[PDB]
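For reference, the structure is listed below as C-alpha cells.
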Amino acid sequence: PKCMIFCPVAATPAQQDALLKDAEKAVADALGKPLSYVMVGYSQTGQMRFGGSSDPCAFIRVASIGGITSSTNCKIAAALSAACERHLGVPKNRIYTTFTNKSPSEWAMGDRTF
Amino acid sequence: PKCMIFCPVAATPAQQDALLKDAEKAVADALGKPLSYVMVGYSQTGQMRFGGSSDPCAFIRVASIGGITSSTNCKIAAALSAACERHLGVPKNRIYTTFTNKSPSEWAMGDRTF
Amino acid sequence: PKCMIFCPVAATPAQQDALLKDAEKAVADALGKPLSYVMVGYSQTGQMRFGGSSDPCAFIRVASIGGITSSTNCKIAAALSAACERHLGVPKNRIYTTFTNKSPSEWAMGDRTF
C-alpha cells in the first residue's frame with residue numbers, strides 16, 4: 001500500500017517521523033497487510049486553499065492492491081486525519097483523503113510487478 | 001473536487017495565491033459544485049521535462065466525484081492552462097491536465113466518506 | 001505519457017537532468033509513443049518510509065492513454081527503478097512504481113483534450 005500526505009505546513013523531520021509512523025501502522029492495520037509492503041511519505045506543498053480559505057488544510061492519497069472499500073476507507077481516513085491534526089495542527093475537517101484501488105499488474109516493486 | 005498544480009517555477013506565494021483563486025473558481029464553475037468543497041494547491045517540483053525539452057512546463061491533476069466528462073474536462077483544462085500561462089509564464093501547450101472520476105466511497109473529508 | 005518520481009533524496013539538478021533523460025527515453029520506448037508527448041519530473045519529498053524503515057526509498061507514478069499492461073509496466077518499472085538506483089543511490093527493491101491507464105477524454109494538453 002501507499003500513503004502520501006500533501007500539506008503546506010513546514011513540518012520538522014521529527015513531526016514528520018512521528019506522523020509517518022502513525023500513518024504506516026494505521027494503513028497496515030486497516031488493510032490487513034504487512035508493514036513491509038507499506039510506503040508512506042510527506043510532501044510540503046506551496047500554498048493550498050480549501051473552501052475558498054487559505055487556512056491550513058491537507059490532502060492525502062492512499063492506494064492499495066485491493067482492500068479499498070467504503071468501511072475500510074472510512075477507517076483509514078479517520079486515523080490519518082486524526083494523526084495530521086495531532087502532528088500538524090490541521091483541523092481534520094480540512095483534510096481530504098482519496099482512495100485508489102490498483103490491479104496487481106499496475107503495481108511494481110523494483111523490476112517486478114505484483 | 002481537488003486540483004493540484006505541479007510546476008518547476010519558483011512562484012512567489014502571491015503569484016500562487018492569485019493562481020489558486022483563479023483555479024478554485026474555474027473548477028467550482030465547470031463542475032457546478034460549491035466552492036466550500038473545492039481544494040486547490042501548488043507544488044514546486046524539482047526539474048521537469050516535456051517533449052525532450054527542459055523549457056518550462058506543468059502538469060495538473062484534477063479529481064471530482066462525478067462531473068468528469070470530455071466537455072467539462074476541456075473547459076477546466078482551458079481555464080487552468082490559461083491561468084498558469086498568465087501567472088507562471090508557462091506556455092499553455094506545455095501543460096498537461098489529467099482528470100480522475102472518483103466514487104463517493106473513495107473520498108473522505110476528515111473521518112467521513114462521501 | 002507522464003512519469004513523476006517522488007523521493008526524499010536531495011538530488012542536484014544535474015543528477016535530476018540525467019535521471020529524467022533516462023526516464024523519458026524508457027517511457028517513450030516501452031509505450032511506443034513519440035518523445036514529444038512524454039512529460040517527466042522529479043519531486044523531492046520530505047521524509048519517506050517503506051517497510052517500517054527510513055532508509056532511502058522512492059515512488060514513481062506513470063500514466064498513459066493506453067499501453068498500460070502487465071508486460072509493458074514491468075519493462076518501464078525495470079528501467080525506471082534501475083535509473084533511480086544509478087542516479088540517486090536508492091535500492092531498486094525500495095522503489096514502488098504504479099501505473100494508471102487514462103481515457104483520451106481524461107487527458108488535456110493546453111485547452112484541448114485527446
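Chain letters run A, B, ... following the sequence lines, proteins first, then strands; residues in each count from 1. Values reported hereafter were calculated over all heavy atoms of this structure, with side chains retained and with hydrogens, waters and symmetry mates removed.
- Residue B:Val40 touches chain A through both its backbone and its side chain, counting heavy-atom pairs closer than 4.5 Å.
- By the neighbour-count criterion of 12 heavy atoms within 6.0 Å, atom OH of A:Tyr37 is sparsely surrounded, having that number or fewer from other residues, nucleotides or ligands.
- Between B:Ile60 and B:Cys3, the closest side-chain pair of non-hydrogen atoms falls below 4.5 Å.
- The aromatic rings of A:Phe114 and A:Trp107 sit perpendicular to each other, their planes meeting at more than 60°, with 30° as the lower class boundary.
- A donor-acceptor pair under 3.5 Å is formed between the side chain of B:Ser64 and the backbone N or O of B:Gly66.
- No donor-acceptor pair under 3.5 Å is formed between the side chain of B:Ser103 and the backbone N or O of B:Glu106.
- Highest contact tally toward chain A, considering only B:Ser43, B:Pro13, B:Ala11, is held by B:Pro13 [criterion: heavy-atom pairs under 4.5 Å].
- A 6.0 Å sphere centred on NZ of A:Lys25 holds no more than 12 heavy atoms belonging to other residues, nucleotides or ligands.
- Heavy-atom pairs under 4.5 Å with chain A peak, among B:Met39, B:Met4, B:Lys2, at B:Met39.
- Proximity to chain B (any heavy atom under 4.5 Å) is restricted, for A:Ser81, to the side chain, taken from C-beta onward.
- Note: A:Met48 leads A:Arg94, A:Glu85, A:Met48 in heavy-atom pairs under 4.5 Å with chain B.
- Interface residue A:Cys74: backbone and side-chain heavy atoms are both found under 4.5 Å from chain B.
- Interface remark: B:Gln16 contributes backbone and side-chain atoms alike to the contact with chain A (heavy atom separation under 4.5 Å).
- Using a 4.5 Å cut-off between heavy atoms, A:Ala82 does not touch chain B at all.
- Chain A forms more heavy-atom pairs under 4.5 Å with one residue of B:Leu20, B:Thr100, B:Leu19, B:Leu35 than with any other, namely B:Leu35.
- Although no hydrogens or angles enter the test, the distance criterion places a donor-acceptor pair under 3.5 Å between the side chain of B:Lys33 and the main chain of B:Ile65.
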